[PDB]
């Protein structure tokens, strides 16, 4: 009778997390916008565990509020909320980015994460011991780099929102954790280049990035943590990723 609420379960980390929690007997609540991928994932996982799918755009707060209020009884009691739904766009410098791409990232990684958190806060508090809010931040939320502009800032929002939630949830038993992954081969770079599969292959070629299951098993590790423990933040990078020297402009 353990239920996990996974946003953005149609691909990447969310899709892998649905399978990792299913192998552990957890009931699943999978959301996203590609409904025909949720139906495909439901039919593959309804055998193992009970599955509840939702066609949900996290940028619409009224839809998320309705989706949480309309949860059936076999799902309403959420133990773990995984705020995974997110995206990056326009990897070019900030002076060459369209403002609608900046708005799409803010609406999903900031407002979308705050929309889902607000809707599930009473549910997670009414659970209590063992409850976890797993916010998926990024290494970009701490380390600046060219082409990150609003994506990294949105993930720094996610980091501080996680710490601030802990200050206000003291005594409720609810845990808030920022899982901040490094470079990982999912649909992330494909969405970030608006469909340039060659770019998403030249980036990961010749290196060992994180797999989608690497982050999913980290989500499960955080969710099954003992009730008295709380991870403030985990920054997970592939060991083949680090930091370069400072950029110095030269004549």
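Numbering follows the first chain given and starts at 1.
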property	result
Average Cα temperature factor in the PDB entry - higher stretch of 60-68, 199-207	60-68
169-177 set against 142-150, stretch whose average Cα temperature factor tops the other in the entry	142-150
Residue with maximal Cα B-factor (values as given in the PDB entry) among 190, 29, 212, 46	46
Candidate residues 137, 128, 112, 122, the one whose C-alpha B factor the record puts highest	112
Ranked against its chain, the third holding the CA B-factor of residue 102	highest
For residue 222, the third of its chain into which the C-alpha B factor falls	middle
Third of the chain, ranked by Cα B-factor, where residue 92 sits	highest
For residue 41, the third of its chain into which the C-alpha B factor falls	highest
CA B-factor placement of residue 108, once the chain's modelled residues are sorted into thirds	highest
